[PDB]
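As stored in my_file.pdb (PDB, C-alpha atoms and all ligand atoms):
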```pdb
MODEL        1
ATOM      1  CA  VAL X   1     194.578  81.421  28.365  1.00  0.00           C
ATOM      2  CA  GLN X   2     193.726  77.738  28.196  1.00  0.00           C
ATOM      3  CA  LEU X   3     190.329  76.265  27.703  1.00  0.00           C
ATOM      4  CA  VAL X   4     190.098  72.737  29.226  1.00  0.00           C
ATOM      5  CA  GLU X   5     187.228  70.423  28.367  1.00  0.00           C
ATOM      6  CA  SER X   6     186.169  67.620  30.666  1.00  0.00           C
ATOM      7  CA  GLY X   7     183.973  64.562  30.859  1.00  0.00           C
ATOM      8  CA  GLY X   8     184.610  62.713  27.613  1.00  0.00           C
ATOM      9  CA  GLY X   9     184.552  58.882  27.535  1.00  0.00           C
ATOM     10  CA  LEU X  10     182.721  55.742  26.367  1.00  0.00           C
ATOM     11  CA  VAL X  11     178.924  55.723  26.623  1.00  0.00           C
ATOM     12  CA  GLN X  12     175.849  53.829  25.391  1.00  0.00           C
ATOM     13  CA  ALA X  13     173.293  54.949  22.820  1.00  0.00           C
ATOM     14  CA  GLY X  14     170.269  56.343  24.606  1.00  0.00           C
ATOM     15  CA  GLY X  15     172.584  57.428  27.440  1.00  0.00           C
ATOM     16  CA  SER X  16     173.475  60.795  28.951  1.00  0.00           C
ATOM     17  CA  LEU X  17     176.870  62.498  29.401  1.00  0.00           C
ATOM     18  CA  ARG X  18     177.894  65.840  30.898  1.00  0.00           C
ATOM     19  CA  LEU X  19     180.893  67.755  29.553  1.00  0.00           C
ATOM     20  CA  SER X  20     182.347  70.858  31.169  1.00  0.00           C
ATOM     21  CA  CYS X  21     184.495  73.694  30.116  1.00  0.00           C
ATOM     22  CA  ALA X  22     186.985  75.452  32.423  1.00  0.00           C
ATOM     23  CA  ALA X  23     189.480  78.290  31.952  1.00  0.00           C
ATOM     24  CA  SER X  24     193.044  78.836  33.239  1.00  0.00           C
ATOM     25  CA  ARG X  25     192.319  82.528  34.020  1.00  0.00           C
ATOM     26  CA  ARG X  26     189.286  84.776  34.553  1.00  0.00           C
ATOM     27  CA  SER X  27     188.532  87.685  32.268  1.00  0.00           C
ATOM     28  CA  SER X  28     187.010  91.056  33.167  1.00  0.00           C
ATOM     29  CA  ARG X  29     184.974  91.016  29.930  1.00  0.00           C
ATOM     30  CA  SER X  30     181.800  89.068  29.267  1.00  0.00           C
ATOM     31  CA  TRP X  31     182.338  86.227  26.717  1.00  0.00           C
ATOM     32  CA  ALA X  32     179.873  84.229  24.667  1.00  0.00           C
ATOM     33  CA  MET X  33     180.684  80.508  24.878  1.00  0.00           C
ATOM     34  CA  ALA X  34     180.177  77.558  22.503  1.00  0.00           C
ATOM     35  CA  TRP X  35     180.767  73.826  21.982  1.00  0.00           C
ATOM     36  CA  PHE X  36     181.806  72.389  18.650  1.00  0.00           C
ATOM     37  CA  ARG X  37     182.521  68.776  17.660  1.00  0.00           C
ATOM     38  CA  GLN X  38     184.632  67.057  15.024  1.00  0.00           C
ATOM     39  CA  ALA X  39     184.154  63.519  13.682  1.00  0.00           C
ATOM     40  CA  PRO X  40     186.958  61.389  12.119  1.00  0.00           C
ATOM     41  CA  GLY X  41     186.967  62.896   8.611  1.00  0.00           C
ATOM     42  CA  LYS X  42     184.797  65.992   8.751  1.00  0.00           C
ATOM     43  CA  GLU X  43     184.721  69.697   9.588  1.00  0.00           C
ATOM     44  CA  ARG X  44     184.478  70.890  13.110  1.00  0.00           C
ATOM     45  CA  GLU X  45     180.713  71.435  13.344  1.00  0.00           C
ATOM     46  CA  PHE X  46     178.657  73.818  15.511  1.00  0.00           C
ATOM     47  CA  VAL X  47     176.900  72.243  18.529  1.00  0.00           C
ATOM     48  CA  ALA X  48     175.680  74.912  21.010  1.00  0.00           C
ATOM     49  CA  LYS X  49     176.302  78.474  22.055  1.00  0.00           C
ATOM     50  CA  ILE X  50     175.338  80.690  25.053  1.00  0.00           C
ATOM     51  CA  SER X  51     175.471  84.464  25.714  1.00  0.00           C
ATOM     52  CA  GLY X  52     177.622  86.050  28.440  1.00  0.00           C
ATOM     53  CA  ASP X  53     174.749  86.182  30.915  1.00  0.00           C
ATOM     54  CA  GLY X  54     173.380  82.708  30.112  1.00  0.00           C
ATOM     55  CA  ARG X  55     170.143  84.159  28.703  1.00  0.00           C
ATOM     56  CA  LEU X  56     170.493  83.326  24.992  1.00  0.00           C
ATOM     57  CA  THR X  57     171.120  79.860  23.603  1.00  0.00           C
ATOM     58  CA  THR X  58     171.095  78.375  20.148  1.00  0.00           C
ATOM     59  CA  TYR X  59     171.704  74.800  19.064  1.00  0.00           C
ATOM     60  CA  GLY X  60     172.938  72.983  15.930  1.00  0.00           C
ATOM     61  CA  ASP X  61     169.983  71.332  14.209  1.00  0.00           C
ATOM     62  CA  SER X  62     171.332  67.758  14.755  1.00  0.00           C
ATOM     63  CA  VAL X  63     171.464  68.018  18.599  1.00  0.00           C
ATOM     64  CA  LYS X  64     168.458  70.287  19.107  1.00  0.00           C
ATOM     65  CA  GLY X  65     166.130  69.050  21.875  1.00  0.00           C
ATOM     66  CA  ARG X  66     168.793  66.580  23.100  1.00  0.00           C
ATOM     67  CA  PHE X  67     171.730  68.681  24.323  1.00  0.00           C
ATOM     68  CA  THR X  68     171.435  71.587  26.789  1.00  0.00           C
ATOM     69  CA  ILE X  69     174.142  74.243  27.058  1.00  0.00           C
ATOM     70  CA  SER X  70     174.331  76.310  30.275  1.00  0.00           C
ATOM     71  CA  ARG X  71     176.923  78.153  32.302  1.00  0.00           C
ATOM     72  CA  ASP X  72     178.056  78.849  35.880  1.00  0.00           C
ATOM     73  CA  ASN X  73     179.709  82.209  35.970  1.00  0.00           C
ATOM     74  CA  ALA X  74     180.657  81.837  39.684  1.00  0.00           C
ATOM     75  CA  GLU X  75     182.805  78.741  39.218  1.00  0.00           C
ATOM     76  CA  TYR X  76     183.640  79.867  35.651  1.00  0.00           C
ATOM     77  CA  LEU X  77     182.283  76.692  34.008  1.00  0.00           C
ATOM     78  CA  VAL X  78     180.403  75.939  30.838  1.00  0.00           C
ATOM     79  CA  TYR X  79     178.356  72.779  30.676  1.00  0.00           C
ATOM     80  CA  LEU X  80     176.986  70.602  27.901  1.00  0.00           C
ATOM     81  CA  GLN X  81     174.296  68.125  28.999  1.00  0.00           C
ATOM     82  CA  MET X  82     174.044  65.427  26.316  1.00  0.00           C
ATOM     83  CA  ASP X  83     170.865  63.305  26.507  1.00  0.00           C
ATOM     84  CA  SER X  84     169.547  60.561  24.191  1.00  0.00           C
ATOM     85  CA  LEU X  85     172.948  59.963  22.599  1.00  0.00           C
ATOM     86  CA  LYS X  86     173.321  58.290  19.211  1.00  0.00           C
ATOM     87  CA  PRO X  87     176.402  56.619  17.590  1.00  0.00           C
ATOM     88  CA  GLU X  88     176.613  59.741  15.496  1.00  0.00           C
ATOM     89  CA  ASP X  89     177.522  62.259  18.150  1.00  0.00           C
ATOM     90  CA  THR X  90     180.804  60.311  18.390  1.00  0.00           C
ATOM     91  CA  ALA X  91     183.412  63.062  18.077  1.00  0.00           C
ATOM     92  CA  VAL X  92     186.052  65.247  19.651  1.00  0.00           C
ATOM     93  CA  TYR X  93     184.109  68.045  21.445  1.00  0.00           C
ATOM     94  CA  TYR X  94     185.703  71.452  21.819  1.00  0.00           C
ATOM     95  CA  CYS X  95     184.715  74.352  23.977  1.00  0.00           C
ATOM     96  CA  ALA X  96     185.406  77.904  22.715  1.00  0.00           C
ATOM     97  CA  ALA X  97     185.010  81.547  23.588  1.00  0.00           C
ATOM     98  CA  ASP X  98     183.969  84.513  21.441  1.00  0.00           C
ATOM     99  CA  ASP X  99     183.717  88.224  22.209  1.00  0.00           C
ATOM    100  CA  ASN X 100     180.174  88.301  20.877  1.00  0.00           C
ATOM    101  CA  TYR X 101     177.329  85.839  20.554  1.00  0.00           C
ATOM    102  CA  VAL X 102     176.628  86.298  16.837  1.00  0.00           C
ATOM    103  CA  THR X 103     179.938  84.911  15.577  1.00  0.00           C
ATOM    104  CA  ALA X 104     180.289  82.306  18.311  1.00  0.00           C
ATOM    105  CA  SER X 105     178.566  79.636  16.197  1.00  0.00           C
ATOM    106  CA  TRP X 106     180.737  80.313  13.152  1.00  0.00           C
ATOM    107  CA  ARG X 107     183.856  78.262  12.713  1.00  0.00           C
ATOM    108  CA  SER X 108     186.007  81.429  12.354  1.00  0.00           C
ATOM    109  CA  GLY X 109     184.201  83.339  15.134  1.00  0.00           C
ATOM    110  CA  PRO X 110     185.708  82.158  18.383  1.00  0.00           C
ATOM    111  CA  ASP X 111     188.855  83.821  19.627  1.00  0.00           C
ATOM    112  CA  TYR X 112     189.791  80.809  21.909  1.00  0.00           C
ATOM    113  CA  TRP X 113     189.715  77.023  21.632  1.00  0.00           C
ATOM    114  CA  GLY X 114     190.131  74.061  23.986  1.00  0.00           C
ATOM    115  CA  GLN X 115     192.309  71.059  23.173  1.00  0.00           C
ATOM    116  CA  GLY X 116     189.166  68.809  22.966  1.00  0.00           C
ATOM    117  CA  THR X 117     187.614  65.781  24.776  1.00  0.00           C
ATOM    118  CA  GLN X 118     186.797  62.399  23.055  1.00  0.00           C
ATOM    119  CA  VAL X 119     183.206  61.190  23.275  1.00  0.00           C
ATOM    120  CA  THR X 120     182.466  57.657  21.946  1.00  0.00           C
ATOM    121  CA  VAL X 121     178.910  56.308  21.695  1.00  0.00           C
ATOM    122  CA  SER X 122     178.522  52.598  20.977  1.00  0.00           C
ATOM    123  CA  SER X 123     175.099  51.199  20.050  1.00  0.00           C
TER
HETATM  124  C1  LIG J 201     187.352  83.596  27.070  1.00  0.00           C
HETATM  125  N1  LIG J 201     187.880  83.526  28.438  1.00  0.00           N
HETATM  126  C2  LIG J 201     187.710  82.272  29.150  1.00  0.00           C
HETATM  127  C3  LIG J 201     186.341  82.188  29.801  1.00  0.00           C
HETATM  128  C4  LIG J 201     185.515  83.314  29.866  1.00  0.00           C
HETATM  129  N2  LIG J 201     184.267  83.234  30.456  1.00  0.00           N
HETATM  130  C5  LIG J 201     183.841  82.040  30.984  1.00  0.00           C
HETATM  131  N3  LIG J 201     182.588  81.976  31.555  1.00  0.00           N
HETATM  132  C6  LIG J 201     182.129  80.808  32.117  1.00  0.00           C
HETATM  133  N4  LIG J 201     180.913  80.793  32.678  1.00  0.00           N
HETATM  134  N5  LIG J 201     182.900  79.661  32.045  1.00  0.00           N
HETATM  135  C7  LIG J 201     184.167  79.707  31.453  1.00  0.00           C
HETATM  136  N6  LIG J 201     184.894  78.589  31.383  1.00  0.00           N
HETATM  137  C8  LIG J 201     184.639  80.907  30.900  1.00  0.00           C
HETATM  138  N7  LIG J 201     185.888  80.989  30.301  1.00  0.00           N
HETATM  139  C9  LIG J 201     189.076  84.273  28.629  1.00  0.00           C
HETATM  140  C10 LIG J 201     189.415  85.215  27.645  1.00  0.00           C
HETATM  141  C11 LIG J 201     190.577  85.961  27.769  1.00  0.00           C
HETATM  142  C12 LIG J 201     191.414  85.758  28.862  1.00  0.00           C
HETATM  143  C13 LIG J 201     192.674  86.572  28.952  1.00  0.00           C
HETATM  144  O1  LIG J 201     193.618  86.572  27.896  1.00  0.00           O
HETATM  145  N8  LIG J 201     192.859  87.320  30.016  1.00  0.00           N
HETATM  146  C14 LIG J 201     192.709  88.748  29.859  1.00  0.00           C
HETATM  147  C15 LIG J 201     191.856  89.090  28.620  1.00  0.00           C
HETATM  148  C16 LIG J 201     190.435  89.610  28.839  1.00  0.00           C
HETATM  149  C17 LIG J 201     190.418  90.956  29.538  1.00  0.00           C
HETATM  150  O2  LIG J 201     191.096  91.927  29.117  1.00  0.00           O
HETATM  151  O3  LIG J 201     189.728  91.110  30.574  1.00  0.00           O
HETATM  152  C18 LIG J 201     192.214  89.326  31.147  1.00  0.00           C
HETATM  153  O4  LIG J 201     192.809  90.312  31.641  1.00  0.00           O
HETATM  154  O5  LIG J 201     191.233  88.808  31.733  1.00  0.00           O
HETATM  155  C19 LIG J 201     190.945  85.015  29.948  1.00  0.00           C
HETATM  156  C20 LIG J 201     189.926  84.084  29.729  1.00  0.00           C
ENDMDL
END
```
Show how you would write the structure in this file as structure tokens.
Amino acid sequence: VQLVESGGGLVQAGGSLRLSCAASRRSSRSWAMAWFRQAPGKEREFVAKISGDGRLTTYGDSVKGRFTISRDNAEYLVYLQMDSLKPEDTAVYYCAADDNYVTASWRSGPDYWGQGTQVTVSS
């Protein structure tokens, strides 16, 4: 099972970017999904998570009100809409899956991890 992140690249502060998460296989179980990000020298940090059915979301305090997480269970995609970007925000973004929604925001929670997509925000 491979998680594959898309949509990373070079963008401008105050811009928008959409990332997406895809999977190499479908599962018969309902998974909670998350995005995490990791800047040059730091820990992988929580960004957003979403319950199996798309009903529950929670956001890391630094992106709250700016990023929207949502999912399309038909196409099997997870999306991260990133509005009002800042130079901080520059990071490798990773999509992940977790068998429950409680642990999904905890670094050791997720059972599956993407290889990551580079987002760079200039001023
Ligand atoms: C976490 N997940 C990927 C996954 C799940 N839900 C999604 N949901 C959405 N909306 N978007 C995705 N990209 C998405 N990706 C998985 C997890 C396990 C396996 C897997 O090893 N296959 C087994 C394990 C799970 C099972 O027993 O059903 C299988 O038979 O399906 C597949 C994908």
Give as a PyMOL selection string each residue that has an atom at most 12 Å from (191.2, 74.0, 27.7) in the file, counting all atoms listed in the file. chain X and resi 1-6+20-25+35+77-78+93-97+112-117
Which residues are near residue X:88? Cut-off 10 Å, all atoms listed in the file, ignore same chain within fewer than 3 positions. Put them as a list in words.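 Here the qualifying residues turn out to be residues 13, 39, 62, 85, 91, 120, 121, 122 and 123 of chain X.
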Could the centre and edge lengths of an axis-aligned box, enclosing all atoms of ligand LIG 201 (chain J) in the file with 4 Å extra on each side, be given in Å to one decimal as JSON?
```
{"center_x": 187.3, "center_y": 85.3, "center_z": 29.9, "size_x": 20.7, "size_y": 21.3, "size_z": 13.6}
```
Measuring atom to atom with only C-alpha atoms and all ligand atoms, identify which of X:104, X:56, X:17, X:33 is nearest to ligand LIG 201 (chain J).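 Among the listed residues, X:33 lies closest to ligand LIG 201 (chain J).
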Compare X:18, X:29, X:44, X:37 by their minimum atom-to-atom distance to ligand LIG 201 (chain J), counting all atoms listed in the file, and give me the closest one. X:29
Spatial neighbours of residue X:32, 9 Å, only C-alpha atoms, chain gap at least 2 places, as number ranges by chain: X: 30, 34, 49-54, 96-102, 104, 110
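Computed from the coordinates, the atom CA of residue X:79 to atom CA of residue X:8 distance equals 12.2 Å.
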Could you tell me which residues the PyMOL selection byres (((chain X and resi 59) around 9) and not hetatm) grabs in this file, written as a PyMOL selection string? chain X and resi 46-49+57-58+60-65+67-69+105
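Comparing the minimum interatomic distances between ligand LIG 201 (chain J) and each of X:7, X:111, X:36, X:118, counting only C-alpha atoms and all ligand atoms, we find that X:111 sits nearest.
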Nearest to ligand LIG 201 (chain J), chosen from X:80, X:92, X:66, X:16, with only C-alpha atoms and all ligand atoms counted in the distances: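 That would be X:80, the residue with the smallest distance to ligand LIG 201 (chain J).
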State, in Å with one decimal place, the distance from atom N2 of ligand LIG 201 (chain J) to atom CA of residue X:15.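 Pair atom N2 of ligand LIG 201 (chain J) / atom CA of residue X:15 returns 28.5 Å.
Reported to one decimal place, the separation of atom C3 of ligand LIG 201 (chain J) from atom CA of residue X:74 is 11.4 Å.
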Near-residue X:14 list (8 Å; only C-alpha atoms; drop same-chain fewer than 3 positions) as a PDB file with C-alpha atoms, in the frame of the given file:
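The result, written out as selection.pdb:
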```pdb
ATOM      1  CA  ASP X  83     170.865  63.305  26.507  1.00  0.00           C
ATOM      2  CA  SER X  84     169.547  60.561  24.191  1.00  0.00           C
ATOM      3  CA  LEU X  85     172.948  59.963  22.599  1.00  0.00           C
ATOM      4  CA  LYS X  86     173.321  58.290  19.211  1.00  0.00           C
TER       5      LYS X  86
END
```
Nearest to ligand LIG 201 (chain J), restricted to only C-alpha atoms and all ligand atoms and choosing among X:70, X:45, X:11, X:38, comes out as X:70
Top pick for closest residue to ligand LIG 201 (chain J), considering X:19, X:119, X:82, X:41 and counting only C-alpha atoms and all ligand atoms: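 Using only C-alpha atoms and all ligand atoms, ligand LIG 201 (chain J) sits closest to X:19.
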